[PDB]
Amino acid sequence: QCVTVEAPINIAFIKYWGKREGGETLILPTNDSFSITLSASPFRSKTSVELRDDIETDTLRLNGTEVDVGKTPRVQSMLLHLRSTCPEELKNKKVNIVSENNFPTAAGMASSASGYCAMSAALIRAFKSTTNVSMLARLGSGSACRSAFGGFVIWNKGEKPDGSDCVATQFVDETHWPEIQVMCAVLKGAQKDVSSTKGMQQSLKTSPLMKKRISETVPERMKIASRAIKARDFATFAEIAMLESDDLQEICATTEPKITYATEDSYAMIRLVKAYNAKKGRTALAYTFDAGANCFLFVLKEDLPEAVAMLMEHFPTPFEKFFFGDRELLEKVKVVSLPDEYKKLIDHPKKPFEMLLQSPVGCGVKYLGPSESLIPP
């Protein structure tokens, strides 16, 4: 019919960084990755699609602006695969695609992941394609493939050159570990640098650290993270996430030319989390960065109010810039009396985050009703 879908972003704790030989068009990675799917509230991508006979080409509208599909190869790629895996009666139809998102502008959220996932799911429903949401989304953006499921999601690298086993699978769902929470402390970006798509191949070509990462490290950490998530062992999970984040920044730093997405605010956040955990005597709080300056944080619900109070001492941010999925949890932040031990943990200029997002582990994609369509009757 006319189909409308909302999809959430996700955050990789075991990083995707590099496409393998034969993988630049099909989007086949050098290693597995592993992410947490976030809530689609308050922020999400939304796509509406309508199959048409009246029209002579496919159309795509992004953020209210019509775009040339012939100039958008990732979307052409999805559409080719889609039409080779759908009924002869629908093969020939053209489609109007209308996509938007409500992420704050300039915040640098990974809204392409959510956008391609929402478009994949809407297209597959509309065309009655036999392909799965994850594999079609992968064609649009690698990380989109992990937004297809709620919970903790593995993108399996596969071994088949045609990509038929390169797909995300749900490791555990959102009900497995309800205590774990995700935040994003949005920071101003660094000087513009190469795109993730281009940079990751430059790293693969030039960083001396990639060989051992692909061969030894990711396989090791996939096993350790899987065990930790099954056991709900936050400290081990947190440790893997920070090791992975550190490694991607080191990979970027040892790429030629050097790639820098982190700012000194990013680095101060790393120091702050470390100093907090040191003062606490345990790994209470984890950071991860993903090819940008924003600091994602993982923390258990019980620990979140203190953690957020500690952050505000160093990066005082008005509540108007908090976007919490969990209102009750926000109210708990407001009453924390932060111990003096957690003040002045680092030396860094005080400034607000651009915003502070909180999410539980999310449920994944949602199909919406004709009322919510971006395509009017």
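Note that residue numbering follows the sequence shown and begins at 1.
With 90 to 98 and 219 to 227 compared on mean CA B-factor from the PDB entry, the stretch scoring higher is 90 to 98. Of the two stretches examined, 37 to 45 and 51 to 59, the record assigns the greater average C-alpha temperature factor to 51 to 59.
The deposited CA B-factor of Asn31 belongs to the lowest third of values across its chain.
For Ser266, the recorded CA B-factor ranks within the lowest third of the chain. Only modelled residues enter the ranking. Annotation for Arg146: C-alpha temperature factor in the lowest third relative to the rest of the modelled chain, per the entry. The deposited CA B-factor of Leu345 belongs to the middle third of values across its chain. Remark: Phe315 belongs to the lowest third of its chain, ranked by C-alpha B-factor as recorded.
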